[PDB]
């Protein structure tokens, strides 16, 4: 009824949208992994009379549900999608998207890693993002490669019309007490990658983590802090 929806409010398989700013929504879904249930976020950005999707809803049936929810609540077609790293909470559902006519994109680094993991593989490669600090435009967003953090390939997304920073899994929510799933992370480089985000997007007004509640720029420093406590 208005507050951001949390893991225990979303049954696995359903998707909810949350209006972030004019023409910007997050999408929230939940999924089981190794016997526990987790929420995860993605983004939807209006692109004239079309929509740009950032990240799947973590699984084929969740992603089908995402498309249905977008049709019900927004009613504009999703024409393109970008996945911000290779894990299943970002690419699982790409095959559903591709069968629904969505053009799916990721960096070559994400595509390679997805293929090697046995995860679904976006169709199109995003060049111009291979060195930390790189930025490219993609529809109504800017894609930025901050360097290795949660994963070596993680991208962040900025919506300049609204000053919305979508951190993906490189950014954690304020209530987080540890650094999430770090199996593919670079804990030593993560703070430097966060500092690059902070320097490049000093006017961000909303910061959205890969999992959990949006907030403001605090999420960036908090992320660095929880990652340092983990490496320690």
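Positions refer to the first chain, counted from 1.
On average the C-alpha atoms of 6-14 have higher B-factors than those of the other stretch, with 21-29 and 6-14 being the two compared.
With 176-184 and 61-69 compared on mean CA B-factor from the PDB entry, the stretch scoring higher is 176-184. Between the residues 94, 100, 114, 82, the entry's highest C-alpha temperature factor is the one at 100.
If you compare the C-alpha temperature factors of 119, 104, 107, 161 in the entry, 161 comes out highest.
Sorting the modelled residues of the chain by their CA temperature factor places residue 193 in the middle third. Ranked against the other modelled residues of its chain, the C-alpha B-factor of residue 217 as given in the entry falls in the highest third.
Residue 131: CA B factor in the highest third of modelled residues in this chain (values from the PDB entry).
The deposited CA B-factor of residue 76 belongs to the highest third of values across its chain.
Ranked against the other modelled residues of its chain, the C-alpha B-factor of residue 55 as given in the entry falls in the lowest third.
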